[PDB]
Amino acid sequence: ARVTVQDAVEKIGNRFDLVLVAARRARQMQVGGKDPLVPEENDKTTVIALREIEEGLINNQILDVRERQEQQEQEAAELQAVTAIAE
Amino acid sequence: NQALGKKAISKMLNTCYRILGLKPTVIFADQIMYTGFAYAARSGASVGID
């Protein structure tokens, strides 16, 4: 549950970066991207994103690291797939 | 421990905000409103021509 973002802002110390970060993470979890890191409690995706931010489980750095990992697994699978389609 | 008029209330809220922070102050404001309504009713303060 969520009523204030004071601690979330305490983590990402901007309240303007916080919105952009939470929107990124929430669009991830909303379109078929991912699954929450904090146990969802019948919360909507934005509030889940905030609850994750508060725990220090999400920030800009975390998201970029995760994204580059995703791209690299993408490269690995895609090269293997083209190789398979060859033979 | 005073007679707690309007100004005193507002500065009490301000001091709570400066000492504790946002969340406790918001809960505080809600509690103040509830309890102030409750005892305003209990009082039955009215106004008559006398």
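Using the Cβ of A:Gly56 as centre and a radius below 14 Å, the other residues enclosed give a net charge of -2, where K and R count +1 and D and E count -1. When you work out D = kT/(6 pi eta Rh) for chain B at 37 °C and 0.692 mPa s, using the Kirkwood radius from C-alpha pairs as Rh and the Stokes-Einstein form, the result is 264 µm²/s. Peptides B:35-46, B:8-19 ordered by packing proxy, namely the average of other Cβ atoms within 10 Å per residue, highest first: B:8-19, B:35-46. The angle between the Cα long axis of helix A:60-86 and the longest principal axis of the Cα atoms of chain A comes to about 20 degrees, rounded to the nearest 10. Over the residues of chain B, the helix contribution to mean residue ellipticity at 222 nm works out to -24500 deg cm²/dmol, using -39500 (n - 2.57) for each DSSP H run of at least 4. Basic side chains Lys and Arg get +1 at the Cβ, acidic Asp and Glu get -1 at the Cβ, and with that the dipole of the protein assembly as shown about its Cα centre reaches some 1200 debye. With the charge dipole of the protein assembly as shown set up from +1 on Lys and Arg Cβ and -1 on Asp and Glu Cβ about the Cα centre, the Cα lying farthest toward the positive end among the listed residues A:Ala22, A:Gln71, B:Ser46 is that of B:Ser46.
Evaluated over the Cα positions of chain A, the convex hull gives a direction-averaged projected area, one quarter of its surface, of 6.5 nm². Only helical runs count toward this figure. For chain A, summing -39,500 (n - 2.57) over DSSP H runs of n ≥ 4 and dividing by all residues gives -21000 deg cm²/dmol at 222 nm. What separates the Cα centres of chain B and region A:1-48 is a distance of 34 Å. Principal-axis analysis of the Cα atoms of chain B puts helix B:6-19 at an angle of about 20° to the longest axis.
Counting every other Cβ atom within 10 Å of each residue's Cβ, A:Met29, B:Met33 order from fewest to most as B:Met33, A:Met29.
Bear in mind that the values in this text are calculations on the coordinates, not laboratory data. All Cβ positions, even for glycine, are placed from backbone atoms using ideal geometry, and neighbour counts span all protein chains on display.
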